[PDB]
Each structure stands twice: as structure tokens, then as C-alpha cells.
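In: here is the sequence, then the experimental structure:
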Amino acid sequence: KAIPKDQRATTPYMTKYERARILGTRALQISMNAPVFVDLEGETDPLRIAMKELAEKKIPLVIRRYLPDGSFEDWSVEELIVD
Amino acid sequence: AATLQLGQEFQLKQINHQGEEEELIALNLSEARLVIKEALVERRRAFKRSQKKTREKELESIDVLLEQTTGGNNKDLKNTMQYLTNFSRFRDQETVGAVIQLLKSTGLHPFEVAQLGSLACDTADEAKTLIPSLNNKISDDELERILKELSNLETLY
Amino acid sequence: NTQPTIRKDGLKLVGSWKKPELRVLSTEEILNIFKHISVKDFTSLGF
Amino acid sequence: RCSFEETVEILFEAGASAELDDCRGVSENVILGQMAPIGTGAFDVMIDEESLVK
Amino acid sequence: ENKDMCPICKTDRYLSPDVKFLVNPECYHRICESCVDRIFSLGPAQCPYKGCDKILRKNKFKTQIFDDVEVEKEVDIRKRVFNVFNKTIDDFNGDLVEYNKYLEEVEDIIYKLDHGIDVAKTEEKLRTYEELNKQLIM
Amino acid sequence: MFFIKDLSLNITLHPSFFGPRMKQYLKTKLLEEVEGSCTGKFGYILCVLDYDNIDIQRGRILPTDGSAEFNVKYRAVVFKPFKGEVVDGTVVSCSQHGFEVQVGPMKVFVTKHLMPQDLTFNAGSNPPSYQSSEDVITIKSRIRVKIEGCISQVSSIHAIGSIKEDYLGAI
Ligand SMILES: [Zn+2]
Ligand SMILES: [Zn+2]
């Protein structure tokens, strides 16, 4: 039932699955004409643009980590420490 | 049917979006026009706010000025405004407050008082025949009195 | 009433009474007895 | 349980005893043909409208 | 009677008589529930009670403990005319002669109505009812 | 009847509408779909009250296609017919089976068999009108119809009325 921010006791590191689905969904949105928040260096492939947004944490998403008891947490990808 | 037993979403017990309990809101064809015509005004103010950065002619003209507000996909509401206006005899929300004061004084159901205020009758038998739910729940002389005060509240506009 | 012994034989159920009177249980009789089953009975069985 | 070996017996006992399935098992989500709670699908992805104005 | 209470449902005693038998004041005829409900439900038409032609109206029914049609009509008309005349020329001062004479006139009117005479005096009694109602309105 | 009820709708948005102003778009869609349309559960939706305090809740992303789903709770003025309900209306189309009364956004039909015997159909007039023993039912004429039954199909509602009973007919 939405655990508050002071009680979030999950791993602050972004896993490979979270990075994978964030890059996949973000790249899918970029392929569907989504507003890009980072200036492009001449890229054409959507996955490279998604990784470019992840490298600067400009992806506007938040992860709803489901807990085994039915609860969940909201860890934004901007505050998640990548790698 | 018409036996004070409506559907599930039309039951006497209603629930708002906050989670509290509220009685079913039944409106007669008097304030029901002033509420649509009312909210369309503030809707016009809302349409002209973001833009910065005898009785029939005014009705249709205002319905055109409000038709320009909407996207031309709800003209049945304007034709409904012509229906109500062509079948409305009330005006001003103060008199409507008096009408609610006369309807709630008997202690009836909101749907029943809605059918009372929405129909034009002269005798009590008319109200008892057009409304099958009201036949013994309230006295006939009191209904005739309500129709008398209402008859004094109606004015040709 | 003495409850018989129900045995499966050729897609049928034969009841044996010792009292010995052996009679084959028909589908209509078993279905009738099942129609006379109370709630606590079959709900105590797992239905 | 029915997927592994004895399908008909498990199904018949299930229907007889009025059994209920939670449908978060692997094979169950496979049979129904939608996302299962494994890896990438073990979490939902949301959007924060307060982050779009950043 | 136990043999006539509806031309279609005349003998419902062995069918568990759970339905009532309404009587319209403009027919004085017994009709069971499932029949009369369809009668006024399909439209205000006459009942086929022994070839009855008087139209049966919607609702406006009554429960009857059975005191014969004559006495029931005499007490309905008696109460109605008693309400039309109200307390006019009755308990106004305390006189006994004129009061009993007026009561004699009223009972003679009810007598002419329950007898009908020749459908001529009863119409004058109806005009008297309209006049008395006009006096009660004023 | 003209009732007011709090309704909830799930709005789908394309990933191209994820700008900071997207909330406005929501309301825009929330109007374009809700006002004027009809539902078989709440009747003909007329207007939508409270345009400023519209709750947005939280938007969720469904798997494929990447479109956004929203659950909006609002207050709206709707019109729902009921069986055995005395209403008033004006005729539009005429037929040998009966004239089609227009009550608000609903086009009620009155069967010829549900009419009194004195009311007869007249086709020799232009337009064809129902002439009785005192009243003449024409298009522009106002008739008080007692609705007997209503049908609540999805996004389509039709009702059947009658004027055979007393205190009904032309106004
Ligand atoms: Zn009968
Ligand atoms: Zn009769």
C-alpha cells in the first residue's frame, strides 16, 4: 500500500532487469516520437538514444517494486544509482 | 418500473468520489436548466481564461456562443436546453429554494418531489395518476396547496 | 436401515445386504439419495 | 500440477473439490499467454508526471 | 358467493384462493386479481361479467365485507350526499322540527336514488348536489 | 430524469502526448468522449460539472504499445430514462405504427396499439398527422407521453411510451 520514502528498505542500485526494461520501454517510446530530453550527437538508433538518456538520468520514469506481501515501493530512475 | 425501486447505480444510497455516503440527487425540470445553463457560463469563463495566453432568441444565441466553446460534439445538450426551456415555467434560484422548502416540508422521496416539481398539475388526482408512487404517502389538500403556491410562483417570461 | 456394501463392477455399483439380499444400485436411486443430502453433509466431504 | 504428468486426474479432482488457482505460477501464466512475474516482468513500470517538467 | 366471483375464475376454492376479488363502483361486479389487473392494465374497458357493458376504470377499487349491493350503494351515496350537504340547516341553532324535516328530505333523496323512479327526479337530485357543492365552495 | 452522478473513466493517451501540459489534454479528451455520448449503465451523459478540480490520480503504463492509462473520477450531469415515467415531448417523425416523440436526447416510440381507439392515423395530410376526436397530433405539437419500458444497450438507449391512460396525450 505504497511504503513511504523514509521506510523504503530495498536495494538502491538499479538491477540489470530494471535497466533492461527501462531502456526497452524508453527506447520504444523514443521510437514512437517521444520528447527527447537530451541533445543528440547525431544518433539515429532509438536504443542508443535511450542509453544516452540513461547515462544522464533524464529518463522520466519511476519503478514500482512489488513486495512479496502485496505492497510496493516507488524508486525513481533518477535517484537509482546505475552500475 | 416506477415503484421506488430503481437500478443499482440509481439506488437511494450513493457514494461520492471521496468515499462518503450521499443521498440520490433528483432534479426537476426547473433548476435542472439553471444548473446546465449555470455551469456552461463558468465553462465559458474557463474557455476564455486560457485563451489569453424573446426567451428563445437569447436561448439559441447563448447556445451558439457555448457551442463555439465545445468541439461541436454535444448539440443534443443544446436541444435539451430548448426542450427544458420550452417546458420550463420557473426562473431564479431563490424561488427554486422556496420550491425545495415546499417539497421537503412534506418529507417525501427525492424522486417523488422531483416528479412533483417537474409536472404541471391543477388537482391532486393529476399528481396521484401521473405519479404512481404518490397515492397515499401524502395528503391531497397539501398537494393542492403546493400547486397553489407554485401557481403563484409561475410567471410568463 | 442396514447400509449395503457398494462394489464397482462393469461401470456399475452393486450393493450387498447381509440382513443376504444383493441389489444393483441404479443411477436414479443414487441421484435421489444425492438429492436428499444436507448442506453440512457434502460440505463436510469437500464440496 | 496438471502440466507435468497426470493432466486429466488433477483437473477432475480440481473441478470436483472446487479448487481455486492463484495464477501467479510460471506454467499458469504461460498457459494463459501473458506476462509472468519473472525477471523483467517481476515489476511494473510507471510514469511520474512531476518528472516530465524536469 | 363461492360459485361466482369472476366469470373466468368462478371456482378457485380448490386452487388455493389466495387472490382477492375487487369490485368497481361503476359495475358492482366481482373480478379476481389476475383478471382485473390485465383488464385495467390493457386499457379501461368493460368487464365480461355476464355480458357487462359498463366500462371498468383503472384503480379506484375497494374492499368489500359484503352487505348487499343495495345497502352498499345506499351507504356510499349516503356518505357522499352527507358530505355535500355537510352541516347546512342542521346544528346551527338547536331546532328539532326543521332539522328532522331536512333529514327527511335528504333520506327521501337517497330513497329516490336507490329506487331510481324514472330517471328524472334523480337528475334533479344531481343538480341539487352541484348546488350544494357550490354552496360548500363559497 | 436529469440526475447528477460521479463517474470514472479510463483515458488512453499516445506516448506523443507526454508533455508537461498533458493534464490539459486529459481534460480535453475527458470532454470530447464523455459529453454528448451515451452509456447503457448511466444513461445519456449531458454535461460534466467541476472542470477545475478534476482528479488525475496516477497514470499507469500498460505493457505493449506504450500508451498511458488513466483513471479519472469526476462529477457529471446525465439523463437516464425509466420505465413508467411521465415525460413530455415533441413529435419528429411519423409512422403508421405510431409517432416518434422526442424527449430530450432520446427518441421514444409510441405504438399504435398503445393508443386510444378514437386516435386515428391520417396520411392524407402533409405531414401525416394523427387525428382524434378532439386533438390533432402533428410534428410541432407537444404531447405528454408516459414511458412504459426502456432499453439500456451499450452507447444506445431507446424507450417505448404510451398515451392510452388518462391525463395524457397532446399538451
Ligand atoms: Zn378470473
Ligand atoms: Zn361490470
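Out: Nice, thanks for sending it over. Numbers count the residues shown, from 1 in each chain, chains lettered A, B, ... in the order given. Ligands and ions are numbered 1, 2, ... in the order given.

In: show me where chain D has its helices.
Out: Per DSSP state H, chain D carries helices over the ranges D:7-16, D:26-32, D:49-52.

In: got those helices as CSV, with distance to residue F:1 and mean neighbour count columns?
Out: Every C-beta, even on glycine, is put in place using the N, C-alpha and C of the backbone. Conversion of the helices of chain D to CSV gives the following (distance: least, Cβ to Cβ, whole Å; neighbours: other Cβ atoms under 10 Å in any protein chain shown):
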stretch, distance to residue F:1, mean neighbour count
helix D:7-16, 46, 12
helix D:26-32, 43, 12
helix D:49-52, 37, 14
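
In: once you drop chain neighbours, what's closest to the residue in chain D that ligand 1 sits nearest to?
Out: Closest residue of chain D to ligand 1, Cβ to the ion: residue D:18 (47.6 Å). Take residue D:18 and drop its neighbours on the chain: the residue closest to it by Cβ to Cβ, 6 or more residues apart in numbering or on different chains is residue C:47, 6.8 Å away.

In: report the separation between the residue sitting nearest the centre point of chain F and residue A:45.
Out: Nearest residue to the geometric centre of chain F (Cα atoms, centre = their mean): residue F:44, 3.6 Å. Distance of residue F:44 to residue A:45, given as Cβ to Cβ, to the nearest Å: 50 Å.

In: returning to that earlier point: tell me which residues touch the residue nearest to the centre of chain F, please.
Out: B:76, F:38, F:78-80, F:104-106, F:157 (Cβ atoms under 8 Å, 6 or more residues apart in numbering or on different chains).

In: one more: residue C:30?
Out: residue C:13.

In: and it, what element?
Out: helix C:27-35 (DSSP states H and E).

In: hmm, back to that, on the three-state scheme, the residue nearest to the centre of chain F is what?
Out: In three-state terms, and counting by DSSP: H, G, I helix; E, B strand; the rest coil, residue F:44 is strand.

In: that one bridge partners, please.
Out: Note on residue F:44: beta-bridge partners by DSSP bridges are residue F:38, residue F:79.

In: how about the strands in chain C?
Out: C:5-9, C:12-17, C:21-25 (DSSP state E).

In: so what does the helix of greatest length in chain A touch, helix or strand wise?
Out: Counting by DSSP H, the longest helix found in chain A is helix A:16-31. Secondary-structure packing of helix A:16-31 (3 or more Cβ pairs under 8 Å, 6 or more residues apart in numbering or on different chains; DSSP states H and E): helix A:46-55, strand D:44-46.

In: which one of these lies closest to residue E:131?
Out: Among the helices and strands packed on helix A:16-31, strand D:44-46 comes nearest to residue E:131, with 84.7 Å by Cβ to Cβ.

In: that closest one near chain F anywhere?
Out: Yes: using Cβ under 8 Å from any Cβ of the partner chain, strand D:44-46 reaches chain F at D:44-46.

In: around chain E, pick out the residues from chain B.
Out: residue B:135.

In: relative to the centre of chain B, find the outermost residue for me.
Out: residue B:53 (36.6 Å).

In: that one sits in which helix or strand?
Out: Using DSSP H and E, residue B:53 falls outside every helix and strand.

In: what residues does chain F have near chain E?
Out: F:116, F:164-166.

In: just the buried members of these?
Out: F:116, F:164-165 (16 or more other Cβ atoms under 10 Å in any protein chain shown).

In: and the nearest residue to residue B:67 once chain neighbours are set aside, what does it touch?
Out: Spatial nearest neighbour of residue B:67, excluding adjacent residues (Cβ to Cβ, 6+ apart): residue B:78 at 6.3 Å. Shown in contact with residue B:78 (Cβ under 8 Å, 6+ apart): B:63, B:66-67.

In: where's residue B:78, which helix or strand?
Out: With DSSP H and E as the criterion, residue B:78 is inside helix B:76-86.

In: could you list the buried residues of that helix?
Out: Across helix B:76-86, burial judged by 16+ other Cβ under 10 Å covers B:76-78, B:80-81, B:83-85.

In: how about stretch B:32-40?
Out: So for stretch B:32-40, counting by 16+ other Cβ under 10 Å, buried means B:32-37, B:39-40.

In: what is the neighbour count of residue F:85?
Out: Neighbour count of residue F:85, defined by other Cβ atoms under 10 Å in any protein chain shown: 23.

In: these two touch, right, it and residue F:144?
Out: No: counting by Cβ atoms under 8 Å, residue F:85 stays clear of residue F:144, with 11.4 Å between them.

In: for chain B, what spans make up the helices?
Out: Going by DSSP H, chain B shows helices at B:31-49, B:55-67, B:76-86, B:93-103, B:110-118, B:124-130, B:140-153.

In: can you say which of these is packed in most?
Out: Comparing the helices of chain B by mean neighbour count (mean count of other Cβ atoms under 10 Å in any protein chain shown), helix B:110-118 comes out on top with a mean of 22.

In: that helix vs chain F: in contact?
Out: Yes: part of helix B:110-118 sits near chain F under the criterion Cβ under 8 Å from any Cβ, namely B:111, B:114-115.

In: packing partners for that helix?
Out: strand B:26-27, helix B:93-103, helix B:140-153.

In: how does it look with 7 Å?
Out: strand B:26-27, helix B:93-103 (3 or more Cβ pairs under 7 Å, 6 or more residues apart in numbering or on different chains; DSSP states H and E).

In: redo the ones you listed as a markdown table? Include distance to chain F.
Out: Listed next are the helices and strands packed on helix B:110-118 as a markdown table, based on distance: least, Cβ to the nearest Cβ, whole Å:
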| stretch | distance to chain F |
| --- | --- |
| strand B:26-27 | 5 |
| helix B:93-103 | 14 |
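
In: closest to chain D out of these?
Out: strand B:26-27 (35.5 Å; Cβ to the nearest Cβ).

In: okay if I get the helices and strands packed on helix A:16-31 as JSON lines plus distance to ligand 1 and mean neighbour count?
Out: As requested, those are exported to JSON lines (distance: least, Cβ to the ion, whole Å; neighbours: other Cβ atoms under 10 Å in any protein chain shown):
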{"stretch": "helix A:46-55", "distance to ligand 1": "80", "mean neighbour count": "18"}
{"stretch": "strand D:44-46", "distance to ligand 1": "66", "mean neighbour count": "19"}
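
In: distance to residue B:25 for the ones you listed - can I get that in TSV?
Out: As requested, the helices and strands packed on helix A:16-31 are exported to TSV (distance: least, Cβ to Cβ, whole Å):
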stretch	distance to residue B:25
helix A:46-55	49
strand D:44-46	36
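
In: ok, which of these comes nearest chain B?
Out: strand D:44-46 (22.0 Å).
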